[PDB]
Structure formats: C-alpha cells, structure tokens
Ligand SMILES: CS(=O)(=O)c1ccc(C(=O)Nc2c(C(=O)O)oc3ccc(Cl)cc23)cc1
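Okay, so here's just one chain, in structure tokens, the form deposited without the ligand.
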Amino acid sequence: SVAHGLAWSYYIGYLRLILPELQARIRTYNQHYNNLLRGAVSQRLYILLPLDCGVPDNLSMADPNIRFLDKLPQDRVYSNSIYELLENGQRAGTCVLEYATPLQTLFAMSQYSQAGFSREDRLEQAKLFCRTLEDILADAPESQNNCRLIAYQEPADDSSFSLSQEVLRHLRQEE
C-alpha cells in the first residue's frame, strides 16, 4: 500500500517540522501584522483531504466562499496561506488552510498507465492515507493539537456540497 509511505513521509518531511512552530507564527501574525478589519486567524493547520484526490491549483476556485487573505509569515521556508470563510455572504472564520499534497501523488499515479493504479485503487489508498496519518498524529500529541484533518467524500448532487461549509464544521467544533 503506497499510502503507508505517503503518510509517513508527509509527517516526517513536513508536518513534524512545520507544526511545532505554527502556534507561534499564527500568534505573531495576529499581534503584529496590522490591517484594520482583518479577523483573528484561528489556531491549527486545517488540511483538506478529498478522498477523490482532486486537488485544485486555486483553492478559491473550488469554492467562491473560500477567499485568499494572506501568506502566513515565517530553518527552512514553508508556504502556508490564510483564507477567510464566507457563509451567506458573511465572514464566518479565518484560518490556515491547504490540501494534503500527497493526494496529488495518488492522483498522478491513477493517471499514469504503467502504475497499474485504478480509481478504485486510488480511493482505497486515499482512505488508508487518512487512517495512517490520523494514527501517526494520535501518537504525536503536539502535532495532533496543531492540525485538523478534513476528510470528505463528495455527494453526487454537488449543489448539496460546500467546501467552505466543510471547513466551517470543523472550525466550529473547536469553539
């Protein structure tokens, strides 16, 4: 199962490096980067995990209610982005949000003939990736409390699905 290595390297090579400093980066941003009406950025890295492995280049193109706000300021450099979440036209939250990049590997594999990797195989591995990553984070209490995995399967009636709503459900659980 490719998901095992994908989850482990995502943790070892990214999450365990970025998460320990995230709380401070967000606090600093909230306290030091002045824009009159900007809302407080929520703590935690919110990670989108579509089980279909469909990762857009433009996160806001997946949902007009997810609006880019700013880059989270920074020994290496990590690009993280802050977004406002809208609900019925109003600002309902502000958070640090991104797709789980290893899902792009699963998607690319499914499009690569020689991989012998079907859409069915991909869905199995996407589920396994989420499970494996959850188990890793459960054993790392610090990293666990600094991120939230948002795993979802999209309904056939896409008019009944809102990516912003999915993020808001998780964000509001912390409140």
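Numbering starts at 1 and runs along the sequence shown.
There is another form of the same protein, the form deposited with the ligand bound; it is not shown, and what comes next is about it.
Novice: Take the pose in the deposited complex, superimpose it on this chain at the site, and classify the pocket for the ligand as open or blocked using 3 ligand atoms within 2.4 Å of backbone or C-beta as the minimum for blocked.
Specialist: After the site C-alphas are aligned, the pocket of the shown chain is blocked to the transferred ligand.
Novice: Although the partner isn't part of this model, could you tell me whether residue 32 comes within 4.5 Å of the ligand in the deposited complex, counting any heavy atom of the residue?
Specialist: Residue-level check for residue 32: yes, a contact with the ligand.
Novice: Hey, in the deposited complex, is residue 145 touching the ligand, heavy atoms inside 4.5 Å?
Specialist: Output for residue 145 is no: heavy atoms all beyond 4.5 Å of the ligand.
Novice: Test of understanding: in the deposited complex, would residue 118 fall inside 4.5 Å of the ligand by heavy atoms?
Specialist: Outside the cut-off, so no.
Novice: Name the stretch, out of 118-126, 131-139, 145-153, 33-41, where some heavy atom lies within 4.5 Å of the ligand in the deposited complex.
Specialist: Looking at the partner contacts, the answer comes out as 33-41.
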